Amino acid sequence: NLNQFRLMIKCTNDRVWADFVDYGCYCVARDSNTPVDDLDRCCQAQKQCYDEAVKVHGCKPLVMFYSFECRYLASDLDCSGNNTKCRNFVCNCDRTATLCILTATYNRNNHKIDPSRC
């Protein structure tokens, strides 16, 4: 779930959990159609990953637990330790989404916007 994502995020970068919380349209894990920029485009990929996690496999990405190992290199962040497909799958969604966060840049005014913006 999102406690581990928040932790995967703290593992990779120092940007406090709040700043992603209600950022843009999708962050963190909310539905819309048009993402404001690329940071918000990560969350859509994340959200679209959770949607696939639920439909194909049977996961419950927002409730379920998974484990991950924090290594020195962000890309080294490990998910192989998970004993089930479902638990392995969601751990990757968050892994993918958290690395993608590291690429994109943080435009403050896109955080906590109006619903008329999305």
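Counting begins at 1, following the sequence as shown.
K.L.:
With reference to the PDB entry, specify whether the mean Cα temperature factor is higher for 83-91 or for 48-56.
P.N.:
Comparing 83-91 with 48-56, the higher mean C-alpha B-factor belongs to 48-56.
K.L.:
Between 28-36 and 69-77, which has the higher average C-alpha B-factor in the PDB entry?
P.N.:
Stretch with the higher mean C-alpha B-factor: 28-36.
K.L.:
Going by what the PDB entry lists, where does residue 108 fall on CA B-factor within its chain: lowest, middle or highest third?
P.N.:
Highest third, going by the recorded CA B-factors of the chain.
K.L.:
Looking at the temperature factor on the CA atom of residue 21, which third of the chain's modelled residues does it land in?
P.N.:
Highest third, going by the recorded CA B-factors of the chain.
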